[PDB]
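Here's the structure, in structure tokens; my notes come after.
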Amino acid sequence: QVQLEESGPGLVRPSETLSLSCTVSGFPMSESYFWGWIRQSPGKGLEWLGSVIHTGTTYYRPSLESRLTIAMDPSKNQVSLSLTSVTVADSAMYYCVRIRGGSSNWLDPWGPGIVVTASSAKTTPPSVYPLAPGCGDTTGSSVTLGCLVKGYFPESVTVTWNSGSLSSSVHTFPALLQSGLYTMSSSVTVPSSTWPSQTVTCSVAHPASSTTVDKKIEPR
Amino acid sequence: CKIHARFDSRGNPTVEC
Amino acid sequence: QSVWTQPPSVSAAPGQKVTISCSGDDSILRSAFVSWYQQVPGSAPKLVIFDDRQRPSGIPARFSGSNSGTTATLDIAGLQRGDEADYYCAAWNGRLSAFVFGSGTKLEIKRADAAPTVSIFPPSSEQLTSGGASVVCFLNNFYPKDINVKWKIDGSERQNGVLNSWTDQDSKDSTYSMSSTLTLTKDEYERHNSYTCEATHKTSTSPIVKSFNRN
């Protein structure tokens, strides 16, 4: 079965060209299927950009056709997107898709997606802060801890937890933007018998700034 | 009874059987 | 149209059935095949119906589709908690010569009302070095989504400097969670003793109150 993976930059400047590629493995690109691109702006719906087939035939979204080129290289096993004169409104998650065309026009499978921000703002790594209970807090059979992630740009970060218990009782809260910087947080719940008697650490990855930050949650 | 046009293009209307 | 018309939301309990509609101008869907996509928050869309009414291998028979020519429908029967997702229809629009998606429909799965588990956290010493101070309150695993959070500093209500963020519906237990963050300067923070987060939710007329005292 078909395997798709998008690659490209997470941050592009206004008026520059966005270039993405998609590696297609485990399926012949010379079969009768189109290869295309879909995008989704944060909190909004799906938008078709266009598609291409090995014969050279291409279809584009009418509003973007002047700025968009979608092409393929079947030896390299790649489908490409090139969107010129980018604006802030081009920020989105971009997905590569295989398309059965003709009268069907179904999309299966989809790549995992790549987040792309169009902005003039500078890349900024996260500051990460431990959230431990206040002194004298009354402990039930479980205890919640957290990490607060502030002051980064652009999206995204990933927050993971390491604990003695290997609890997956984790909540990751969506990031909010304020004066050009995002803030988010994450909570983990573990049995009170396992913290602070065993370690709980959060790890925060921000690929855009090539930064990873760990914080150990220690009692106050 | 709705079927495909009898796949190297996109947007072809379906036809009746 | 350049986007097909769908209702914004539908909601039902496990075991029940929902129907989601997808409409265009007059009978524009008559000679087009409609497909449907399930998008669980945090993941890519997944094909669930194609060619109006066919299911890919692996998709269960409780997903079904129809296309009357004016309107296409996705039926989801025997609802399960993992069906929570945004659902999108799609089809070629021959009048525009472009592939068109629907506006999307969020499916909420119902459950019994549940009160939040509330936890409060003072600012870390490390943050205070920045000159800022965030006091954080987590309100976890509650239903329904509607909730009110009040912050008090030394028993007095604080309205400015509060940011709230909600999770998407949980795929295993159908609950929601929320973070509330009060941001003050370090100097403000250090002028007061008691910090309180109060959560009012339909599960009780009494707020759930969590506090800490700096001394």
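Here's how to read the names in the structure tokens: chain A, B, ... by the order shown, residue numbers from 1 in each chain, ligand numbers from 1 in the order shown.
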Exercise. With a cut-off of 10 Å and counting only C-alpha atoms, select all residues of chain C in contact with chain B and give the selection as a ChimeraX atom specification.
Key: /C:29-33,51-52,91-94,97-99
Those selected residues, please, written with C-alpha atoms and delivered as a PDB file, in the first residue's frame.
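Everything below was put into again-v5.pdb:
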```
ATOM      1  CA  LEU C  29     -24.439  16.493  -7.531  1.00  0.00           C
ATOM      2  CA  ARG C  30     -26.623  14.465  -9.953  1.00  0.00           C
ATOM      3  CA  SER C  31     -23.769  13.407 -12.267  1.00  0.00           C
ATOM      4  CA  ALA C  32     -20.920  13.611  -9.717  1.00  0.00           C
ATOM      5  CA  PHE C  33     -19.652  10.989  -7.279  1.00  0.00           C
ATOM      6  CA  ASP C  51     -18.592   6.861  -5.261  1.00  0.00           C
ATOM      7  CA  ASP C  52     -21.639   8.084  -3.228  1.00  0.00           C
ATOM      8  CA  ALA C  91     -17.134  16.117  -5.160  1.00  0.00           C
ATOM      9  CA  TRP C  92     -16.090  17.595  -8.502  1.00  0.00           C
ATOM     10  CA  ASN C  93     -18.050  20.735  -9.448  1.00  0.00           C
ATOM     11  CA  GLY C  94     -18.425  20.664 -13.257  1.00  0.00           C
ATOM     12  CA  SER C  97     -14.192  22.881 -13.168  1.00  0.00           C
ATOM     13  CA  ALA C  98     -12.762  22.428  -9.645  1.00  0.00           C
ATOM     14  CA  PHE C  99     -12.838  19.860  -6.835  1.00  0.00           C
TER      15      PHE C  99
END
```
Practice problem: Could you list the residues in chain A lying within 12 Å of chain B, using only C-alpha atoms, and format the result as a PyMOL selection string? | Solution: chain A and resi 30-35+50-60+99-106
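If you measure from each of A:203, A:141, A:97, A:170 to residue 129 in chain A using only C-alpha atoms, the closest one turns out to be A:203.
For the residues A:177, A:185, A:75, A:2, ranking by smallest atom-to-atom distance to residue 166 in chain C using only C-alpha atoms places A:185 first.
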Self-check item: All residues 12 Å or closer to residue 118 in chain C, only C-alpha atoms, same chain fewer than 3 positions away omitted, as a ChimeraX atom specification
Solution: /A:133,143-145,187,189 /C:115,121,136-142,149,177-180,196-201,207-211
C-alpha atoms of the current selection, written as a compact mmCIF listing (two decimals), in the first residue's frame:
```txt
# COMPACT_ATOMS: atom_id res chain seq x y z
CA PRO A 133 1.64 21.77 43.43
CA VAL A 143 -1.60 13.92 41.53
CA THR A 144 -1.57 16.21 38.48
CA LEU A 145 1.57 18.02 37.31
CA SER A 187 -0.86 18.21 32.14
CA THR A 189 -1.79 12.73 36.06
CA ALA C 115 -17.63 17.45 37.03
CA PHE C 121 -0.26 25.73 40.30
CA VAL C 136 -2.31 27.93 36.07
CA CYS C 137 -5.50 25.99 36.68
CA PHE C 138 -6.33 22.70 34.90
CA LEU C 139 -10.01 21.65 34.71
CA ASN C 140 -9.87 18.09 33.46
CA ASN C 141 -12.31 15.47 32.15
CA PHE C 142 -15.68 17.23 32.36
CA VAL C 149 -13.87 29.96 35.58
CA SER C 177 -10.48 19.49 29.46
CA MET C 178 -9.56 23.14 29.86
CA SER C 179 -6.58 25.19 31.00
CA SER C 180 -7.02 28.61 32.54
CA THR C 196 -7.93 30.97 43.79
CA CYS C 197 -9.47 29.30 40.71
CA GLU C 198 -13.30 28.71 40.94
CA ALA C 199 -15.08 26.49 38.39
CA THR C 200 -18.87 26.65 37.91
CA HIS C 201 -20.25 23.73 35.94
CA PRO C 207 -18.32 26.09 42.58
CA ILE C 208 -15.28 23.80 42.81
CA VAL C 209 -12.67 25.97 44.54
CA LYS C 210 -8.88 25.37 44.50
CA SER C 211 -6.48 27.77 46.24
```
Quiz item: When DSSP works through the backbone of this structure, what residues of chain B end up as strand (DSSP E or B), shown as a list in words?
Solution: residues 2, 3, 10, 15 and 16 of chain B
Atoms kept (N, CA, C and O atoms) for selection, written as a PDB file, in the first residue's frame:
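And here's again.pdb as it stands now:
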```pdb
ATOM      1  N   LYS B   2     -26.045   4.346 -11.510  1.00  0.00           N
ATOM      2  CA  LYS B   2     -25.100   5.434 -11.773  1.00  0.00           C
ATOM      3  C   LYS B   2     -23.693   4.827 -11.802  1.00  0.00           C
ATOM      4  O   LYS B   2     -23.262   4.200 -10.824  1.00  0.00           O
ATOM      5  N   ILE B   3     -22.987   5.001 -12.926  1.00  0.00           N
ATOM      6  CA  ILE B   3     -21.656   4.411 -13.126  1.00  0.00           C
ATOM      7  C   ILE B   3     -20.656   5.399 -13.709  1.00  0.00           C
ATOM      8  O   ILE B   3     -21.037   6.456 -14.190  1.00  0.00           O
ATOM      9  N   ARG B  10      -9.862  14.297 -15.060  1.00  0.00           N
ATOM     10  CA  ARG B  10     -10.678  14.540 -13.852  1.00  0.00           C
ATOM     11  C   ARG B  10     -11.913  15.308 -14.257  1.00  0.00           C
ATOM     12  O   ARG B  10     -11.865  16.150 -15.148  1.00  0.00           O
ATOM     13  N   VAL B  15     -22.509   8.427 -15.752  1.00  0.00           N
ATOM     14  CA  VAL B  15     -23.579   8.102 -16.716  1.00  0.00           C
ATOM     15  C   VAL B  15     -24.575   7.120 -16.136  1.00  0.00           C
ATOM     16  O   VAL B  15     -24.312   6.488 -15.122  1.00  0.00           O
ATOM     17  N   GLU B  16     -25.727   7.020 -16.791  1.00  0.00           N
ATOM     18  CA  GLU B  16     -26.782   6.102 -16.362  1.00  0.00           C
ATOM     19  C   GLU B  16     -26.597   4.736 -16.992  1.00  0.00           C
ATOM     20  O   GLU B  16     -26.082   4.624 -18.098  1.00  0.00           O
TER      21      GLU B  16
END
```
Exercise. Mind checking which residues fall within 7 Å of residue 96 in chain A, counting only C-alpha atoms, ignoring those fewer than 4 positions away in the same chain, and posting them as number ranges by chain?
Key: A: 4, 6, 22, 36-38, 110-111
Exercise. Tell me which of A:214, A:73, A:5, A:47 sits closest to chain C, counting only C-alpha atoms.
Key: A:47
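Counting only C-alpha atoms and comparing C:156, C:193, C:175, C:35, the residue that lies closest to chain A is C:35.
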Self-check item: Shell around residue 144 in chain C at 8 Å using only C-alpha atoms, local window under 6 positions removed, as a VMD selection string
Solution: chain C and resid 113 to 114 175 to 176
Quiz item: If you measure from CA of residue 66 in chain C to CA of residue 84 in chain C, what distance in Å do you get, rounded to one decimal?
Solution: 21.0 Å
Self-check item: residue 42 in chain A surroundings by only C-alpha atoms, 10 Å radius, close-in-sequence under 4 positions cut, as number ranges by chain
Solution: A: 91-93, 115
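A straight line drawn from CA of residue 21 in chain A to CA of residue 102 in chain C is 26.2 Å long.
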Self-check item: Shell around residue 122 in chain A at 12 Å using only C-alpha atoms, local window under 2 positions removed, as a list in words
Solution: residues 11, 12, 13, 117, 118, 119, 120, 124, 125, 151, 152, 153, 154, 180, 181, 208 and 209 of chain A
Self-check item: Computed interatomic separation between CA of residue 153 in chain C and CA of residue 128 in chain C (Å)
Solution: 17.4 Å
